[PDB]
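K.L.:
one piece of my complex first, more on the way:
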Amino acid sequence: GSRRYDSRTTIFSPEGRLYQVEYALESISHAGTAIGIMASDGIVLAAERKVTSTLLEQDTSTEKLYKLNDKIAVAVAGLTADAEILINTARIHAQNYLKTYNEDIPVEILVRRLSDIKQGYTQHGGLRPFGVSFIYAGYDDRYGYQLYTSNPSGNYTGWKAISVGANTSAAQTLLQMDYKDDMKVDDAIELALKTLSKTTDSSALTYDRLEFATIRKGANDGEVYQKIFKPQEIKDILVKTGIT
Amino acid sequence: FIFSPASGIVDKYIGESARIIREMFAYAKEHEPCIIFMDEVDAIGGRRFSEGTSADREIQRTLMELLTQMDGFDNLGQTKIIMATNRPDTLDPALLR
Amino acid sequence: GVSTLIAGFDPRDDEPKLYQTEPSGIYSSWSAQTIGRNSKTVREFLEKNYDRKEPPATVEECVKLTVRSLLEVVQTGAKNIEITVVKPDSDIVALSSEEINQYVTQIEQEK
Amino acid sequence: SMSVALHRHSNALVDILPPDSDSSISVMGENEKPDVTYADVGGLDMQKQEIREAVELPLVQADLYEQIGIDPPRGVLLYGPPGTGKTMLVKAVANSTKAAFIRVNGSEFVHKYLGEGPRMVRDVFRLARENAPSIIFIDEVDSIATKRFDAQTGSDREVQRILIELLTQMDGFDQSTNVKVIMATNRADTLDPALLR
Amino acid sequence: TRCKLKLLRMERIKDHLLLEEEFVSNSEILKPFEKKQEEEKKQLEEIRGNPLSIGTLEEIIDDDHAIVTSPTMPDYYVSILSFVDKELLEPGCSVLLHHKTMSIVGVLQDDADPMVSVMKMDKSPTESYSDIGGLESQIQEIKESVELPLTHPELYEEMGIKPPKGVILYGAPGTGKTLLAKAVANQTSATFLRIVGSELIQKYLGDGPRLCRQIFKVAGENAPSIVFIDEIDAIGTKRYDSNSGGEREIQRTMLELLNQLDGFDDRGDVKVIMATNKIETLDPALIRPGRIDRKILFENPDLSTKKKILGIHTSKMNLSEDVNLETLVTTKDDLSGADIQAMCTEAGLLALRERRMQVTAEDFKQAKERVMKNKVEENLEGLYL
Amino acid sequence: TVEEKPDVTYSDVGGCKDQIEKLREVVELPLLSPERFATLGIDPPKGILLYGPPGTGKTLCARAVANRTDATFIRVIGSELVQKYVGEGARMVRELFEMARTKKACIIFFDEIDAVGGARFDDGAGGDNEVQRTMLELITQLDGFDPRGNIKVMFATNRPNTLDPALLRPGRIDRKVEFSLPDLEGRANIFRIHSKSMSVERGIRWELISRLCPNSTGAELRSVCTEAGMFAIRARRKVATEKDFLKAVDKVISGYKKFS
């Protein structure tokens, strides 16, 4: 009956290792490059789409960049379908924190909550986990700008500069040589574009296949302005940094 | 008339099946008028492999050797094949063409 | 797939407690213990560098013994070495890398 | 090193043979295509041109190619659905070339021995050179080539050996005075991963 | 200066003296050939002729005849003739047969073969103990078994149990078991035969087993002995083709060896060293656990062990004054002595490239990078993260 | 290979097993009293197939009964010998079988007839087929003069899935017995024989070593004793303790479990 068609999907291997999580990391390597760089005045999130076409409208698309709350946005690298569930869970959770403490959610809390769901699915129910890796750009008062990567097992790790998805190794090695702690958002915008030009997922990097967003404290009175740049505002910055 | 069953030509020795139909063919080219009866061709039928074992690849070679004799640089004259198959669904589009 | 070392004090007690729990559902108290990679190697070191009869007398010798055990396998400066000390009745202090560096250098020189 | 004649009863070198001798027969039928011409075609008029450009044209005019400056035309892979004559395409052209033509099969490269199979493919390659220019057509390479490398028993390893040797020998060394070998395939799923190219 | 002069004195008189004595004696022998000698040598030529075909003596039939097997496909029933008798012969010895009419006319080979030449060695091994340094505990299983009964078989008699018999070196590549076999045999003070089991594989029939048989005959003459059959894994169970075979002879060879383990008399005086990659690279058909005794399991060097191994290598390496041993050990995790050997050589290559005499610490890191390169594992933080 | 009533009893076989009492029933009972079989009208058994893992002691047991029953013991092992080569082994099988039958009161053992008097071996390690002549001779010989005058035929096979059905049919085999991996207390007993021969500690617990072991054959227990001897020599004692055997069991278990 019911037990006949089950194969015990989520279990350890003799190494201790969870089959579905190992498999999940392969499918995130299919999905495009997403890079996060934490400057000392913001966080730059820059992602190259895994789809491009001349018939594809990419001028209203925000398929990787999604705002969870006013101070925390994510870039997506993995299954867009799977990610959608976690994105609306995050919105509910951040609003719930705001409702109960009348204070904006710290970046640590929101990431931890999502991580618990991913662990839970391999723990019980036989459910597949979400095969996505997110880079969280977030501001909070206490720790300032915080950068985080989450993996499909359900664990989060802090960084200063990091890449997930396609070409994680190549992007990382370039970042190690170029990254400095004296970098500003201006410098980080230029670095992100250059790294994506050397880790390009075809033979060209273009504005229309670039999604780009920052969170900058350069808005007046110490306030933080999340700006998701349109592809023609990306184009302006593409000529500025001399990619084109 | 050569009544030959096609499950009858199969050997683990590679190219032995290809050898057998090639000689059968050379005999038929000499012995005109001749009809070659390939009966139950479904045994060495099927298509693909190359993730199979070399037994399959030989069956695919034999199936292909068939293919060589009929059309290619060899032709039929007053030679003639009748192929019999008991299931047409084992049988392959390359021979239903 | 997770095993823990749960340690601490009870309220109005200066008795140190060191327990190990494992994913089997069993737990055991220990005078000293080690889990994780190369637990056999560290444990073997502790047979000669720890006595059941006599624990490290001072806080500092206990701290340097734990630094000394880590400097076997872990190595690689005080970067990857962490030390948390709990002292009786809710006094938790964490000894930063700078503190650890001093302890490492003393052990290295002496050895 | 090449074949040579020895006396039967004197057991000595009295006479010499061409190296062409003691090597594979070249078309087991008569060499040329039966009454089937460009008239009968009925295709594929353009692509047949591309085949003429590749196979006959360098062989007839060498000087012309020397003018462009390019090395002479590389091997041809004929793939597509069947009933396209692709096999007939090579025979029709070769007819009209008026150069030697070589007809061995992939189902003739077979062996039930040890290394006897790779040795047969070897006699073709050298033989092509001796009776130069030459048009080499192999009818099948589908199950003589392997996408996934196997060696499950000894008998998987023998097929593999023929693949190895074909690639290495393919290749240019002294450089080819032939048109570079032509092969035909029902599909390329049963070819190698990247070693054709 | 004077240490030269004294050696000079002795070595000149002995060599020189001898040359003059040999030089005169070749003449003193040849001048008289009268009486016994001329007669003897003459008969021996007549019974013989030219050419003489190599043979092999399978058996003697007790009527002054023998069964012989030629290098030509036929085999033959021959008469025993000449100065060589059946008392002077023994089965399995190579013998001279006259071409035209097959009869044993003599011997000059006396069981000398191109396999016999490779096996022979009665000299001490090249490596002594801890050249081969370290895998001390591994030596402290091989020595127990191999050195100790040869030295005093007494020990086992007082203990009250059968002596040890053979050892199976098995487990990790790159631990030097092919070197280790040498190290021990020096220490004991014994004769050391060495043969590679790949040369006991033959495409000729009945030849496979003849080659296995020669080994134990030799071993018994020069006893105590330690015989190294290097790579019994290479007889293995393998197959050349299965459509023209090659997999018959493999079995017959494997079999001839299992029999002479015990069957060459119950002795730990006819020790064997069998090196094998794993046991499941052998024919699974096997002799019982005590007949081969202790199986010696090689495993990866630990942190302490590979300091030892590394240290050996780098002493040999010249112009490395900027390298400190410890720091090499810190960065690396557990690995064979094999890969230490490579890293040291790749580090000379880099420094030769650059055209700089010195070998840096920095240099060595580049060599670590190259060796470790394609061992990468990201499913380590797949489980951990 | 052939012997002649070798001195082994049930005392020297470690434990009494069910498979020993099934041997008693084939071998001793018709030899001692063929009378009772006759009056009953049950045929006396003379056929036994012995199969199990190796190192269980099957060989010790055949001899045990050989001594008890008082019958000369002829052991032939065909895959040990080199006599197999195209019917050359067919002669070994013909001759010895007929010779043993001449002898009164006798036991014939063709051992390891997995091949060499067993099934084909074409698909095997070898490409052999020499084995099928030797099988051909064996089949006939056990019908050439029956009733045999109380001469028992034993057969050793490791796996009884390597023996030909012609051989399996009745008269050739009249009892079938699987040898069992000896029990923990039964290993205390197999150990006891080896340990009494060895100079050891008096008051040793045999049962302590057997507790520590999991199911291990008697051949293993013989190797462990030699192994413990070695470690005893290394410390410069020639009198062993329970301690040398703790070591010895650890060596074997980790060593063998992984592979063969």
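P.N.:
Received the coordinates, thanks. Residues are numbered from 1 along each chain as shown, chains lettered A, B, ... in the order given.
K.L.:
contacts, neighbours, all on C-alpha from now
P.N.:
Noted.
K.L.:
mind listing the strands for the chain?
P.N.:
Just so you know, I chose chain A. For chain A, the strands defined by DSSP state E occupy A:34-38, A:42-48, A:66-69, A:72-78, A:132-140, A:144-151, A:155-158, A:161-164, A:210-216, A:225-229.
K.L.:
Chain F was what I was after
P.N.:
F:49-51, F:72-77, F:106-111, F:152-157, F:176-178.
K.L.:
Save these as CSV, and put in mean neighbour count and distance to residue A:112 too.
P.N.:
CSV is the format used below for these (neighbours: other C-alpha atoms under 10 Å in any protein chain shown; distance: least, C-alpha to C-alpha, whole Å):
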stretch, mean neighbour count, distance to residue A:112
strand F:49-51, 21, 62
strand F:72-77, 21, 71
strand F:106-111, 22, 69
strand F:152-157, 21, 64
strand F:176-178, 14, 60
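K.L.:
Export the strands of chain A to a markdown table and append columns for distance to residue C:30.
P.N.:
Output for the strands of chain A, formatted as a markdown table (distance: least, C-alpha to C-alpha, whole Å):
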| stretch | distance to residue C:30 |
| --- | --- |
| strand A:34-38 | 44 |
| strand A:42-48 | 47 |
| strand A:66-69 | 46 |
| strand A:72-78 | 45 |
| strand A:132-140 | 40 |
| strand A:144-151 | 35 |
| strand A:155-158 | 30 |
| strand A:161-164 | 41 |
| strand A:210-216 | 50 |
| strand A:225-229 | 53 |
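K.L.:
Which of those sits closest to chain E?
P.N.:
strand A:155-158 (5.6 Å; C-alpha to the nearest C-alpha).
K.L.:
Output the contacting helices and strands for the closest one.
P.N.:
For strand A:155-158, the elements it packs on are helix A:107-123, strand A:144-151, judged by 3 or more C-alpha pairs under 8 Å, 6 or more residues apart in numbering or on different chains; DSSP states H and E.
K.L.:
slot chain G in:
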Amino acid sequence: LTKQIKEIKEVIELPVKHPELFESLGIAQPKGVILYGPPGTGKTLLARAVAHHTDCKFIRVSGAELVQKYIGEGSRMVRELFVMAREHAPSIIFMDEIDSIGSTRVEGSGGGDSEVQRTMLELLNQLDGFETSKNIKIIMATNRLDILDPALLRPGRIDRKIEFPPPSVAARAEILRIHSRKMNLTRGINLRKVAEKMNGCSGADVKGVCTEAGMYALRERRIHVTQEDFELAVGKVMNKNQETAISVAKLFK
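P.N.:
Same chains as before, plus chain G:
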């Protein structure tokens, strides 16, 4: 293949010419060289290239070596290769075997081909001692480490593991550079066009442009290659690749 040339000079030339220098500054001698990388990189062409300057007998040896059988079997001419090579000193053996034995006989050390190869390798050590040092290079060439034989398997087990990179844009442009002279030099220097538009995984793809370009020039009845002859030629070679790249670039998740 800029890096690759510079590494392999040290590897091949220097042990031959000065076996003592190689030992003095560093340590040991190489016991082998193993070439691997994608097809079409021209590794076979490299081994020919370096051997010219080395001044030794580049024999090669094509394919499997079980192929000899007509004077007797090829199941010991692997082994005895050690001897044959020694005789013809100073000699370079390009024993090639591209490998298609897979992962199957890596386990164990199975295969009879692998035994004989193993036996030659056991031999192979002795060469540093049988007439002193090395003067004969054993250059093996295989496509990858996965499909490889068991005896050749582990890093540095036959010495020197050298991965050949797929060529960079700057490298593609240099590979293009040489074929241009051989052909008729372009009008308008449009050499950089080809290099920017695509980068291959092989020196073969570059070469593929040259030949493709001369189909179009030939037809137009103009000898000289031009930008237009180039634009058609890069479009033809890139067609093969764009089609398999639109199916993961579009209609994906």
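K.L.:
Within range of chain E, give me the residues from chain B.
P.N.:
B:12-14 (C-alpha under 8 Å from any C-alpha of the partner chain).
K.L.:
The nearest residue to residue D:83 once chain neighbours are set aside - how many residues pack around it?
P.N.:
In space, residue D:83 comes closest to residue B:97 once its chain neighbours are excluded; the distance is 7.5 Å by C-alpha to C-alpha, 6 or more residues apart in numbering or on different chains. Neighbour count of residue B:97, defined by other C-alpha atoms under 10 Å in any protein chain shown: 7.
K.L.:
can you check residue F:137 too?
P.N.:
Number of residues near residue F:137 (other C-alpha under 10 Å) recorded here: 18.
K.L.:
just to revisit the earlier point, surely the residue nearest to residue D:83 forms part of a helix?
P.N.:
No - counting by DSSP: H, G, I helix; E, B strand; the rest coil, residue B:97 is not found in a helix; it is coil.
K.L.:
Against residue B:66, how distant is it?
P.N.:
Distance of residue B:97 to residue B:66, computed by C-alpha to C-alpha, to the nearest Å: 14 Å.
K.L.:
What of residue F:134?
P.N.:
Distance of residue F:134 to residue B:66, given as C-alpha to C-alpha: 43 Å.
K.L.:
who's more crowded, these two?
P.N.:
For the pair residue F:134 and residue B:66, the greater number of neighbours falls to residue F:134 (29 against 16), based on other C-alpha under 10 Å.
K.L.:
Who are the contact partners of the nearest residue to the more buried one once chain neighbours are set aside?
P.N.:
The spatially closest residue to residue F:134, leaving aside those adjacent along the chain, is residue F:90, at 4.3 Å (C-alpha to C-alpha, 6+ apart). The contact partners of residue F:90, taken as C-alpha atoms under 8 Å, 6 or more residues apart in numbering or on different chains, are F:84, F:133-138.
K.L.:
As chain H, please add this:
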Amino acid sequence: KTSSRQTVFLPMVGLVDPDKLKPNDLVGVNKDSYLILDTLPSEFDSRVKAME
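P.N.:
Now chain H, sitting on the chains shown earlier:
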């Protein structure tokens, strides 16, 4: 086909019948010059015996 590994085309000898001479008739042939001298019964392998 000889057991000397040769294929030989022989003029039929008048001694024997053409009706005995079948595919795999075992035949005596003269050692010197090769001519069908006589006929022999067929031998059967061990593979034949089990089955029958």
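K.L.:
Revisit the neighbour count of residue F:137 given that chain H is now included?
P.N.:
Residue F:137 - counted by other C-alpha under 10 Å - has 19 other residues nearby.
K.L.:
repeat for residue A:84
P.N.:
Number of residues near residue A:84 (other C-alpha under 10 Å) recorded here: 15.
K.L.:
Show me the helices in chain D, by range?
P.N.:
For chain D, applying DSSP state H gives helices covering D:45-54, D:56-60, D:63-68, D:86-95, D:116-130, D:154-169.
K.L.:
For the residue most central in space within chain D, list each beta-bridge partner.
P.N.:
Central residue of chain D (C-alpha atoms, centre = their mean): residue D:136, 3.0 Å from the mean position. Beta bridges link residue D:136 to residue D:102 when assigned by DSSP bridges.
K.L.:
repeat for residue A:132
P.N.:
On the basis of DSSP bridges, residue A:132 is bridged to residue A:78.
K.L.:
Got phi/psi on the residue of chain B at minimum distance from chain H?
P.N.:
In chain B, the residue found nearest to chain H is residue B:2; the distance is 17.1 Å by C-alpha to the nearest C-alpha. The phi/psi pair for residue B:2 (degrees, to the nearest 10) reads phi -120, psi 110.
K.L.:
looking at it, it is touching residue B:39, isn't it?
P.N.:
No - the pair residue B:2 / residue B:39 is not scored as a contact, 9.9 Å apart, by C-alpha atoms under 8 Å.
K.L.:
okay, these two: which has more neighbours?
P.N.:
residue B:39 (19 against 13).
K.L.:
Going by residue numbers, what spans are helices in the stretch 151-253 of chain G?
P.N.:
For the stretch 151-253 of chain G, the helices defined by DSSP state H, counting those that start in this stretch cover G:169-182, G:191-197, G:203-220, G:227-242.
K.L.:
What's the local residue count around the residue of chain A found nearest chain H?
P.N.:
Relative to chain H, the nearest point of chain A is residue A:4 (44.0 Å; C-alpha to the nearest C-alpha). By other C-alpha under 10 Å, 6 other residues sit near residue A:4.
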